[PDB]
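Just so you know, the protein sequences line up as chains D and B, in that order.
For the record, in the first sequence the residue sitting at position 56 is 443 according to the authors' numbering, with numbers rising by one throughout.
For the record, in the second sequence the residue sitting at position 36 is 388 according to the authors' numbering, with numbers rising by one throughout.
Only one structure is covered here, and it is reproduced in the block below.
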Amino acid sequence: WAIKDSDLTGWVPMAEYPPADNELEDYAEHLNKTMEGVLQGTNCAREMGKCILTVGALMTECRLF
Amino acid sequence: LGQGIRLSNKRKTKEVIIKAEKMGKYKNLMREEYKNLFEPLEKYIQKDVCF
């Protein structure tokens, strides 16, 4: 179940891509775009996202109250 | 026809030379101006030469 792609696109906040020069950053940026595009749609990314967001919420709640 | 056209990337690293014979292989890969000038001449075109 975690292997197949969920209907929602991606669960994991990922920052923007840096500026690119022809040689490497084209290769690196492309590989990251493809791999991110594949792994964001999966349900495994769903459980990752909920873990990050909610455990972060608890982490704030332990200092808050 | 002439020397032909050259292919390049935005990388300015790899270039691909084309013969005048093989233009009709790459077809639309050329810029739209090249395509607009090229397509009608395919009628009278031969392998290396234009009649």
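Don't be surprised by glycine CBs; every beta carbon is placed ideally from N, CA and C.
At 9 Å on the CB atoms, spell out the chain D contacts of residue i, in chain order.
i: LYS364(B); result: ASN409
Please classify residue i: does DSSP put it in a helix, a strand, or coil?
i: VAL442(D); result: helix
i: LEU353(B); result: coil
i: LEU395(D); result: coil
i: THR365(B); result: coil
i: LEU359(B); result: strand
Please name the residue, chosen from the options, that lies closest to residue i on a Cα-to-Cα basis.
i: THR365(B); options: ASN409(D), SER393(D), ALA389(D); result: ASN409(D)
i: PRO400(D); options: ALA407(D), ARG450(D), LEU426(D); result: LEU426(D)
i: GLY356(B); options: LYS362(B), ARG363(B), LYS377(B); result: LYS377(B)
i: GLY424(D); options: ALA389(D), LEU451(D), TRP398(D); result: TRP398(D)
i: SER393(D); options: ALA407(D), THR429(D), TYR414(D), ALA415(D); result: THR429(D)
Next on the checklist: So, does the region 366 to 382 of chain B touch the region 396 to 403 of chain B, judging by three or more C-beta pairs under 8 Å?
Outcome noted: Taking 8 Å as the limit for Cβ pairs, the verdict is that the region 396 to 403 of chain B does touch the region 366 to 382 of chain B.
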